[PDB]
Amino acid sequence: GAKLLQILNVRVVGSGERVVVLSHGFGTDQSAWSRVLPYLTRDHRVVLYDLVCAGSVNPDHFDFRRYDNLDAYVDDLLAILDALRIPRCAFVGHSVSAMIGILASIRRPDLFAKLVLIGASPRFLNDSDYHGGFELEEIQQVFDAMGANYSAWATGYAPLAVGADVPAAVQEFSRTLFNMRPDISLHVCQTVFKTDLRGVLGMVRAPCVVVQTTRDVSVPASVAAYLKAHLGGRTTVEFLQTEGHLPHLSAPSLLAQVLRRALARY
């Protein structure tokens, strides 16, 4: 309840009758939302928190057996909302949090009025007649890299993830990426890559906006199309006119426009 609010560094800011949850992705924490936040705070009550795997959350609270699937992250999210006494909200989440949001909307359809998914994929691994963008050997090489020299891995990965040449964004992402516990980073990455949400997408009742950039290193353009086609609710794909996996860091003013539009009516 209240302790969880402290453990996950929960914050509520802004004024408006409508509630939005901003849920960060891998390698970041809630500070990643800082640039888009001012566009929202006039019209919304905004909840921010850190995922348990965030570097800004004490690694002692991370349970390796518990967090071995995304449903545990969903537990934390639902427990946060119930603690804050929020009966209904819109959920915006990035990367792994998009996955968490999908699962939470299935668990508690009454709680989630709308989903906005950024850099979202149901499955990263390739399959028969499914292009996720990665092959088993490719991902294996990553795990080895994260395992052998983590900082070296992080140094190489951060600019690929940002993907546009935006030195300040690369730096901000590196701050929170390097500060992650290397073993927790690997674990989350292993959990995510073993996740296949394709089968449950049809169970989502909430209207969804899939936000897609021109180039995402972990998310092929065809995946956004797949989500729109297979999500059970009314779904639209919004395209950003710029590239990268972290548009809230790399082009926050552009992402804010799509968000303001997506959160207009839910």
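Counting begins at 1, following the sequence as shown.
If you average the C-alpha B-factors over 58-66 and over 216-224, the higher value belongs to 58-66. The deposited model assigns a higher average Cα B-factor to 35-43 than to the other stretch when 202-210 and 35-43 are compared. Per the PDB record, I139 has a higher Cα B-factor than any other of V188, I139, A120, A158. Taking the deposited Cα B-factors for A79, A148, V116, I102, the highest one is held by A148. In the deposited entry, the Cα temperature factor of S23 places it in the lowest third of its chain's modelled residues. Ranked against the other modelled residues of its chain, the C-alpha B-factor of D127 as given in the entry falls in the highest third.
Compared with the other modelled residues of the chain, the Cα B-factor recorded for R175 ranks in the middle third. Sort the modelled residues of the chain by CA B factor and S95 lands in the middle third. Per the deposited record, the Cα B-factor of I106 falls in the lowest third when ranked against the other modelled residues of its chain.
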